[PDB]
Every structure is written in structure tokens, then in C-alpha cells.
């Protein structure tokens, strides 16, 4: 092989800080543009700072002879991360690790493209091999030890000096742009990794149950009450026909006119599925939401099931993120019906094949959840059939960043056309059931980025997330028997829907109010969207 001293680590640091991390320096030049006023030293020196800082932590990490394993891993992962940071504009924070950790083979394989593989292999696996090849000439364990600790420390001070010489620039820039740090590799996922490790240990707590005395309190002589909750995926409000978008992407629901209540101002709990799902079914408002406490207490379905309601969850995304484990549920995607399914994913209309079994399961009030794959990208083109391919040209690849933005928007507007007909078909299975007080409720889990300022997919840090990812659609439909006997004032409801802001925080108590449930301590009347319009 080749023989280096270290040295080997200055090269490693030259690479990591100067080759990868393009996304990081790209973001700061965007946030802090050149102009010539000599304040650009803040930009020029900045790679130098990161070099020194990388030299520092790599002297501490590159220990013999675990480093021959640990460094290639870091180089290979930095490549895998920097690629999507550079082209998709993602951040690698703790939540992004929860994505990676909660994913599936079908779901993540769609992310692979030849350029991605080529990137990883040329910027990750290769430098890894080059590194592993090098035989390192250690000095005497005392002479070697001293040489490491002095370099590691002068590096830090060199970085601290260069920054301290420019303290107000650093202080300003990073107090305003606190998340830009989740762009730096590898502090990135290491930081997220220990932060998740800390969460792992702090997770030994017991299981709290909530609302143990809940019961239904439906009047005597009441029709069965059947509620369907359609959980969307990735569909955003800005491309939703009912919300006034240039294209009627919801023509079937627009056609139903007034019987469909549309909410033009609703925001999500999170901007990823792993975050939004568990949160919206938990008691925690977005700003109180704790991942760990939520995982270890009863959620909405647990409580609603305790009250005697029949809860079924049919799944067609990558899983229910832990929300459905204690209620009857089905992985509909695994039926692999060639009419709907290819490559381990399915068109949402497959869910409708199992709908009637649930509807005729028994004769007590029910909550049925249809968890859909919706507008899930990057393979948006799989989210609809030819019948809904109304806007063209389309982006028929997972390489969504090489499509033109208009071509991508087209493809994504076709996914909504499929969302729209899915909801419509659910309503059709119910609207003629005169013996049934039925409600169909739809909301998405989060929106999506469609290439704006260079950002694709979703999962952005909420605090800096764009409207596209947080502003989501929501509609409600009520069957004829519900409108006769459900006690709701429908014109009141239309007005509230038009005038008020809502969010996922209204989900929990809205669903509980639809089941007429007594003795509930978790129910909050002021978070039930219909309470204000319920009579008497």
C-alpha cells in the first residue's frame, strides 16, 4: 500500500471540510452573499475554520486501530448525506435520523438513482478504500501521543482565533441561522446519533394509560355512527383545488359543492411522517409534543377503542409509526395485487377493497383509518393511473431534480387528482347508507417541497420549514343521516372553516366528539372543531 504518518488526518480533513460539505458553504453564501466590501473574509476563511475544526475532532476520533473501521463508515455516510443535502436541500437532524430509522426497503429504495450510487461510490467508497489502503507509520506511543494532542489543539485554537477575530460576524450569522449547523458533515449525524442515544437510555419508562373510565353516551335509538379518517401523505394545501389553486386538482370534491367542508388554513404538527403521525394521534399539542412520552402513553385510538368503538386501521404507507399496534389493523400493501402494486408499493385504491369487510364487520360505532401513500415522492408518477394524467409533461422518474420544476409540479398535481378520487370513492361507499350517520375526514400529514430555492421532498426542520411543507389540506363530509341527527349546524361550520386557523392539534378532540364519549379527561371542548357548532 502507501505509507503515511498523519498527515493522513490532514488529508482526511482536507477532504471532509473542502469536498463534502458543499451544501454547508453553499447555504452560507446564499445567506451571506459576496459583495467585495472585504467582509467576504467571513466566507473565505470559513472553509479554513472548518478544516481546522475537522482536523481537531478527527485527531480525537481516528484511534488505532478502530479508525480503519470507523473512518470509512463516516466517509461513506457523509457522501450519502451530502448528496441529498446538495441536491434536495435536506438537513440531517435527529428527526431525519428517525426517518432513516423508521423507513422500509420499498420506501428508501425509491431514493436510489445512478447518480446517487455514482456519488456515494466515487466520493464515499473510494476515499474510504484509499484511506483503508494507507499503512500508517506510528511513532513511539509517547512520541506519537504528544504529536497528536498538540496538532488537535492548535487546530481548535486556530479555528477559535480565526472566528474570534471575527466575533460579531460569527455571533450574528449563527444566532440567526441556528439550523445551518445540521448541514455540516459529519457533526451532522454523529450529533443526531448521540442525541438519539440519549433518547434511547431515557426511554426505559413505564406505560401510562389514559382515560380509563370512558364510555359512549349515544342517545337511545341512534343510527350507527361510522367515521372514516383518511390520513394523507405529502399533499400540500397550495396545490389543492378547493383552496383556490389555478388548477382544479380536486374536481370530484369541487363537484359535490357545499356538502364538502374545506379548511383553507391548517398546518401540520411536523414535516415528516415519523413526526406527524404519532403526534396528531397523541394528546400533545405540537409545542408540547414529546416523542418519548407519546410513545409510552395511550393515544386517540386506544381511548376510543376503550369506549366501545370499533377501531380498524388499514395501512398503505410504510407503517403506522406505532399508532395502531393495539387496535385491529392490516398491512394492505403486502397483498401485492398486480392491479395496484409494483415494487412493494400500491395505489391507494387498493384500500377500498378491504373497506366493505370493515363496514359490515359488526353493528357498532366505528372509526376506520385509511392510511394512504398519497403524493409521496420522489416517485410521484406512481401515485396515480393514466386516467388522472391530466397535466403534462410529467416527471416519470425518481430523479426529480433533473425534471424541470414545471414538469415536477405537473406530476405532483396529478397525484392530487388521485387523492381527490380516493376520497370521492370513500364517500360513495357511504352516502347512500341511510341507516348510517357517516363522516369522512381527510387531512394530510405534511406538505412537500417541489424544487423551490432548490429544496425537494419534505422533512425540513419545522422552525425553518417553508409553507409548502406545513400548510396542508383538510376536508370533511357528512352523510345525510348525520346532517339530520348529528346535531351540527352546517352553516356555522362552513363559516368557521373559512374564517379560522386549525392544525393537527384539533384532530384528537374532534374525533372524540364524533363518537359521543362520556367521562373523558383528555377531551378538550375548545379543540373540537365541531363543538362550537354542535346543538344544543
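Positions refer to the first chain, counted from 1.
In this entry, 117 to 125 shows the higher mean Cα temperature factor of the pair 117 to 125 and 374 to 382. The PDB entry reports B-factors from which the mean C-alpha value can be compared for 255 to 263 and 334 to 342; the larger average falls on 334 to 342. Of the candidates 47, 468, 473, 487, the deposited coordinates give 47 the top C-alpha B factor. Between the residues 207, 422, 462, 412, it is 207 that shows the highest Cα B-factor in the PDB record. Ranked by C-alpha B-factor against the other modelled residues of its chain, residue 390 falls in the lowest third. The deposited CA B-factor of residue 348 belongs to the lowest third of values across its chain. Residue 200: CA B factor in the highest third of modelled residues in this chain (values from the PDB entry). When all modelled residues of the chain are sorted by CA temperature factor, residue 447 is found within the lowest third. Residue-level temperature factors show residue 494 in the lowest third of its chain, judged at the C-alpha atom.
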